[PDB]
Amino acid sequence: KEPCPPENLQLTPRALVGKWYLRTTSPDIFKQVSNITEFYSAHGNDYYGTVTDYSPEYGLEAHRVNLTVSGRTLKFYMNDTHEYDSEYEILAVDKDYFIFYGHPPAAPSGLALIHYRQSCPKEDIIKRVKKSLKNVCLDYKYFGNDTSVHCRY
Ligand SMILES: CCCCCC/C=C/CCCCCCCC(=O)O
């Protein structure tokens, strides 16, 4: 679904550094690719890093990525495949998660992505996520969690 994005939310330099787990998406992508771990390093206001994942069809994958950041949006570039390469806008910022939205080739009608600091986010985090989504005209009921990993949601 299309969000109502907040036009006053901008990415703070270095906010994306470190390890993240992409555990909730809309539409649900987890039958195609799952157990997504991201690691980002700062390059000025940009980032470089890696994304590792499990694919039922391709096996274990490791990808090198770049993020170029421009205000409330960034461009995501991956080396080997470009299924998820797109501009993504920030929808919500929290100490424990970020919510992004874009229209990549893999989900060209729109893809909302929730990146968590914790590998298995607990109920208090999910409650905050639900409120963040409502604030941008989205709804957790249209999202799927990654139930391929050792986490109950
Ligand atoms: C928390 C910082 C997030 C910044 C990046 C926002 C967009 C991310 C897109 C991630 C794509 C997920 C790739 C899945 C693995 C694959 O199929 O290659």
# chains A, B, ... in the order shown; residues from 1 in each chain; ligands from 1
call {"tool": "residues_near_ligand", "arguments": {"ligand": "ligand 1", "cutoff": "7 Å", "atoms": "only C-alpha atoms and all ligand atoms", "output": "PyMOL selection string"}}
result
chain A and resi 16+20+33+36+51-53+63+67+76+81+83-84+88+98+100+113+115
call {"tool": "write_last_selection", "arguments": {"atoms": "N, CA, C and O atoms", "output": "PDB file, in the first residue's frame"}}
result
ATOM      1  N   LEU A  16      22.659   4.801  10.086  1.00  0.00           N
ATOM      2  CA  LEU A  16      22.476   3.446   9.579  1.00  0.00           C
ATOM      3  C   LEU A  16      23.669   2.540   9.850  1.00  0.00           C
ATOM      4  O   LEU A  16      23.653   1.386   9.412  1.00  0.00           O
ATOM      5  N   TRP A  20      21.936  -4.815  11.081  1.00  0.00           N
ATOM      6  CA  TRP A  20      20.482  -4.749  11.083  1.00  0.00           C
ATOM      7  C   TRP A  20      19.914  -6.057  10.554  1.00  0.00           C
ATOM      8  O   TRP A  20      20.559  -6.776   9.784  1.00  0.00           O
ATOM      9  N   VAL A  33      13.292 -14.758  -0.268  1.00  0.00           N
ATOM     10  CA  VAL A  33      14.593 -14.477   0.333  1.00  0.00           C
ATOM     11  C   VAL A  33      14.359 -14.196   1.810  1.00  0.00           C
ATOM     12  O   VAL A  33      13.388 -13.529   2.170  1.00  0.00           O
ATOM     13  N   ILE A  36      17.734 -12.127   6.495  1.00  0.00           N
ATOM     14  CA  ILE A  36      18.462 -11.016   5.888  1.00  0.00           C
ATOM     15  C   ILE A  36      19.202 -10.257   6.991  1.00  0.00           C
ATOM     16  O   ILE A  36      18.582  -9.650   7.869  1.00  0.00           O
ATOM     17  N   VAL A  51      25.100  -7.425   2.583  1.00  0.00           N
ATOM     18  CA  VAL A  51      23.829  -8.040   2.918  1.00  0.00           C
ATOM     19  C   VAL A  51      24.006  -9.530   2.704  1.00  0.00           C
ATOM     20  O   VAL A  51      24.443  -9.953   1.626  1.00  0.00           O
ATOM     21  N   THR A  52      23.701 -10.318   3.731  1.00  0.00           N
ATOM     22  CA  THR A  52      23.696 -11.767   3.612  1.00  0.00           C
ATOM     23  C   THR A  52      22.268 -12.267   3.774  1.00  0.00           C
ATOM     24  O   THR A  52      21.456 -11.654   4.478  1.00  0.00           O
ATOM     25  N   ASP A  53      21.956 -13.371   3.105  1.00  0.00           N
ATOM     26  CA  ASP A  53      20.590 -13.876   3.148  1.00  0.00           C
ATOM     27  C   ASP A  53      20.580 -15.347   2.781  1.00  0.00           C
ATOM     28  O   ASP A  53      21.566 -15.901   2.289  1.00  0.00           O
ATOM     29  N   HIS A  63      26.234 -10.380  -0.468  1.00  0.00           N
ATOM     30  CA  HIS A  63      26.214  -9.348  -1.495  1.00  0.00           C
ATOM     31  C   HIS A  63      26.914  -8.116  -0.957  1.00  0.00           C
ATOM     32  O   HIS A  63      26.732  -7.768   0.202  1.00  0.00           O
ATOM     33  N   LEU A  67      25.092   2.480  -0.310  1.00  0.00           N
ATOM     34  CA  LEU A  67      23.957   3.382  -0.129  1.00  0.00           C
ATOM     35  C   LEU A  67      24.441   4.800  -0.368  1.00  0.00           C
ATOM     36  O   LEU A  67      25.389   5.248   0.283  1.00  0.00           O
ATOM     37  N   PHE A  76      19.895   2.441  -3.141  1.00  0.00           N
ATOM     38  CA  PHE A  76      20.478   1.171  -2.723  1.00  0.00           C
ATOM     39  C   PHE A  76      21.029   0.491  -3.967  1.00  0.00           C
ATOM     40  O   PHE A  76      20.298   0.312  -4.944  1.00  0.00           O
ATOM     41  N   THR A  81      23.257  -8.802  -8.253  1.00  0.00           N
ATOM     42  CA  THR A  81      21.896  -8.778  -8.748  1.00  0.00           C
ATOM     43  C   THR A  81      21.329  -7.414  -8.407  1.00  0.00           C
ATOM     44  O   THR A  81      21.804  -6.740  -7.494  1.00  0.00           O
ATOM     45  N   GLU A  83      17.785  -6.795  -8.217  1.00  0.00           N
ATOM     46  CA  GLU A  83      16.359  -6.953  -7.972  1.00  0.00           C
ATOM     47  C   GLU A  83      15.836  -5.935  -6.970  1.00  0.00           C
ATOM     48  O   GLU A  83      14.672  -5.534  -7.052  1.00  0.00           O
ATOM     49  N   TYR A  84      16.654  -5.531  -6.005  1.00  0.00           N
ATOM     50  CA  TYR A  84      16.199  -4.633  -4.954  1.00  0.00           C
ATOM     51  C   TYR A  84      16.796  -3.239  -5.090  1.00  0.00           C
ATOM     52  O   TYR A  84      16.573  -2.392  -4.220  1.00  0.00           O
ATOM     53  N   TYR A  88      14.867   4.550  -1.986  1.00  0.00           N
ATOM     54  CA  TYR A  88      14.015   4.248  -0.840  1.00  0.00           C
ATOM     55  C   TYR A  88      13.900   5.502   0.016  1.00  0.00           C
ATOM     56  O   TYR A  88      14.898   6.186   0.268  1.00  0.00           O
ATOM     57  N   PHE A  98      14.339   0.958  11.674  1.00  0.00           N
ATOM     58  CA  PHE A  98      14.062   1.931  10.625  1.00  0.00           C
ATOM     59  C   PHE A  98      13.064   1.328   9.647  1.00  0.00           C
ATOM     60  O   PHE A  98      13.128   0.129   9.354  1.00  0.00           O
ATOM     61  N   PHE A 100      11.694   1.814   5.712  1.00  0.00           N
ATOM     62  CA  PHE A 100      11.949   2.405   4.404  1.00  0.00           C
ATOM     63  C   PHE A 100      10.895   1.935   3.408  1.00  0.00           C
ATOM     64  O   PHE A 100      10.242   0.912   3.608  1.00  0.00           O
ATOM     65  N   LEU A 113       9.964  -1.877   4.111  1.00  0.00           N
ATOM     66  CA  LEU A 113      10.983  -2.730   4.711  1.00  0.00           C
ATOM     67  C   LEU A 113      11.257  -2.244   6.123  1.00  0.00           C
ATOM     68  O   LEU A 113      11.561  -1.064   6.320  1.00  0.00           O
ATOM     69  N   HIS A 115      13.752  -2.677   9.268  1.00  0.00           N
ATOM     70  CA  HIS A 115      15.095  -3.110   9.634  1.00  0.00           C
ATOM     71  C   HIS A 115      15.237  -2.955  11.136  1.00  0.00           C
ATOM     72  O   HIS A 115      15.093  -1.842  11.655  1.00  0.00           O
TER      73      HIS A 115
END
call {"tool": "select_by_dssp", "arguments": {"residues": "range 2-152 of chain A", "states": "alpha helix (DSSP H)", "output": "ChimeraX atom specification"}}
result
/A:123-135
call {"tool": "atom_distance", "arguments": {"atom1": "CA of residue 150 in chain A", "atom2": "CA of residue 29 in chain A"}}
result
17.0 Å
call {"tool": "residues_around", "arguments": {"residues": "range 2-10 of chain A", "least_positions_apart": "5", "cutoff": "6 Å", "atoms": "only C-alpha atoms", "output": "CSV table (one decimal) with N, CA, C and O atoms, in the first residue's frame"}}
result
chain,number,residue,atom,x,y,z
A,71,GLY,N,19.1,13.4,1.7
A,71,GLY,CA,18.0,13.9,2.5
A,71,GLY,C,17.1,12.9,3.1
A,71,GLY,O,17.5,12.2,4.1
A,72,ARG,N,15.9,12.8,2.6
A,72,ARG,CA,14.9,11.8,3.2
A,72,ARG,C,14.9,10.5,2.3
A,72,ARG,O,14.1,9.6,2.6
A,91,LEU,N,10.6,6.3,6.2
A,91,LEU,CA,9.2,6.5,6.7
A,91,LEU,C,9.2,6.6,8.2
A,91,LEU,O,8.3,7.3,8.8
A,136,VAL,N,2.1,6.7,9.2
A,136,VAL,CA,2.4,6.9,7.8
A,136,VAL,C,1.4,6.2,6.9
A,136,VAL,O,1.7,5.9,5.8
A,137,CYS,N,0.2,6.0,7.4
A,137,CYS,CA,-1.0,5.5,6.7
A,137,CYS,C,-0.8,4.0,6.2
A,137,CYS,O,-1.4,3.6,5.3
A,138,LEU,N,0.1,3.3,6.9
A,138,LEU,CA,0.3,1.9,6.6
A,138,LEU,C,-0.3,1.1,7.8
A,138,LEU,O,-0.7,1.6,8.8
call {"tool": "select_by_dssp", "arguments": {"residues": "chain A", "states": "strand (DSSP E or B)", "output": "ChimeraX atom specification"}}
result
/A:18-26,34-43,46-55,59-70,73-78,86-94,97-102,111-116,144-145
call {"tool": "closest_residue", "arguments": {"among": "A:117, A:112, A:1, A:90", "to": "residue 17 in chain A", "atoms": "only C-alpha atoms"}}
result
A:117
call {"tool": "decode", "arguments": {"residues": "range 21-46 of chain A", "atoms": "N, CA, C and O atoms", "output": "tab-separated table (two decimals), in the first residue's frame"}}
result
chain	number	residue	atom	x	y	z
A	21	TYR	N	18.67	-6.33	10.94
A	21	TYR	CA	17.96	-7.54	10.52
A	21	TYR	C	16.65	-7.15	9.86
A	21	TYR	O	15.79	-6.51	10.48
A	22	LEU	N	16.48	-7.55	8.60
A	22	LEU	CA	15.30	-7.14	7.85
A	22	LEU	C	14.26	-8.24	8.03
A	22	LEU	O	14.21	-9.21	7.27
A	23	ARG	N	13.40	-8.07	9.05
A	23	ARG	CA	12.52	-9.14	9.52
A	23	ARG	C	11.03	-8.95	9.19
A	23	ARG	O	10.25	-9.87	9.45
A	24	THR	N	10.62	-7.80	8.64
A	24	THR	CA	9.21	-7.55	8.36
A	24	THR	C	9.11	-6.74	7.08
A	24	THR	O	9.80	-5.72	6.95
A	25	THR	N	8.25	-7.16	6.14
A	25	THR	CA	8.12	-6.44	4.87
A	25	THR	C	6.67	-6.45	4.41
A	25	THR	O	5.86	-7.28	4.84
A	26	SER	N	6.36	-5.51	3.51
A	26	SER	CA	5.06	-5.51	2.84
A	26	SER	C	5.27	-5.14	1.38
A	26	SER	O	5.79	-4.05	1.09
A	27	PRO	N	4.92	-6.01	0.42
A	27	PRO	CA	4.38	-7.35	0.68
A	27	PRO	C	5.45	-8.25	1.31
A	27	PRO	O	6.63	-7.88	1.39
A	28	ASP	N	5.01	-9.40	1.81
A	28	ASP	CA	5.89	-10.38	2.43
A	28	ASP	C	6.81	-10.97	1.37
A	28	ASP	O	6.34	-11.59	0.41
A	29	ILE	N	8.13	-10.79	1.53
A	29	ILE	CA	9.11	-11.31	0.57
A	29	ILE	C	9.77	-12.60	1.03
A	29	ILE	O	10.61	-13.16	0.31
A	30	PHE	N	9.39	-13.12	2.20
A	30	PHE	CA	10.22	-14.11	2.89
A	30	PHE	C	10.13	-15.52	2.32
A	30	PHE	O	10.94	-16.37	2.69
A	31	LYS	N	9.19	-15.80	1.41
A	31	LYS	CA	9.25	-17.08	0.72
A	31	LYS	C	10.29	-17.07	-0.39
A	31	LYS	O	10.69	-18.14	-0.86
A	32	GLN	N	10.74	-15.89	-0.80
A	32	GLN	CA	11.73	-15.76	-1.86
A	32	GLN	C	13.14	-15.56	-1.32
A	32	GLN	O	14.10	-16.10	-1.88
A	33	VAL	N	13.29	-14.76	-0.27
A	33	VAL	CA	14.59	-14.48	0.33
A	33	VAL	C	14.36	-14.20	1.81
A	33	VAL	O	13.39	-13.53	2.17
A	34	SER	N	15.22	-14.73	2.68
A	34	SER	CA	14.98	-14.59	4.11
A	34	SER	C	16.29	-14.59	4.88
A	34	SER	O	17.38	-14.63	4.31
A	35	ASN	N	16.16	-14.54	6.21
A	35	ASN	CA	17.31	-14.42	7.11
A	35	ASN	C	18.27	-13.34	6.64
A	35	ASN	O	19.46	-13.57	6.43
A	36	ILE	N	17.73	-12.13	6.50
A	36	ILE	CA	18.46	-11.02	5.89
A	36	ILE	C	19.20	-10.26	6.99
A	36	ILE	O	18.58	-9.65	7.87
A	37	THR	N	20.53	-10.29	6.95
A	37	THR	CA	21.37	-9.50	7.84
A	37	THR	C	22.13	-8.46	7.02
A	37	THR	O	22.76	-8.80	6.01
A	38	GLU	N	22.06	-7.21	7.46
A	38	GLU	CA	22.75	-6.11	6.80
A	38	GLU	C	23.84	-5.58	7.71
A	38	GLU	O	23.68	-5.54	8.93
A	39	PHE	N	24.95	-5.15	7.11
A	39	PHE	CA	26.00	-4.48	7.87
A	39	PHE	C	26.48	-3.28	7.07
A	39	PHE	O	26.91	-3.43	5.92
A	40	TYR	N	26.42	-2.10	7.68
A	40	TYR	CA	26.78	-0.87	6.98
A	40	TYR	C	27.91	-0.13	7.69
A	40	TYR	O	27.98	-0.07	8.93
A	41	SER	N	28.80	0.45	6.88
A	41	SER	CA	29.89	1.29	7.36
A	41	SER	C	29.76	2.67	6.74
A	41	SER	O	29.35	2.81	5.58
A	42	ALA	N	30.13	3.69	7.50
A	42	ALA	CA	29.97	5.07	7.04
A	42	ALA	C	31.04	5.46	6.03
A	42	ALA	O	32.22	5.10	6.16
A	43	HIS	N	30.62	6.23	5.04
A	43	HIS	CA	31.51	6.86	4.07
A	43	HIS	C	30.99	8.29	3.92
A	43	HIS	O	30.21	8.59	3.03
A	44	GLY	N	31.43	9.17	4.82
A	44	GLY	CA	30.81	10.49	4.87
A	44	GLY	C	29.34	10.35	5.20
A	44	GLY	O	28.97	9.76	6.22
A	45	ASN	N	28.47	10.88	4.34
A	45	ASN	CA	27.03	10.72	4.48
A	45	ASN	C	26.49	9.49	3.77
A	45	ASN	O	25.30	9.20	3.87
A	46	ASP	N	27.35	8.76	3.06
A	46	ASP	CA	26.98	7.55	2.35
A	46	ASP	C	27.38	6.34	3.19
A	46	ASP	O	27.89	6.47	4.30
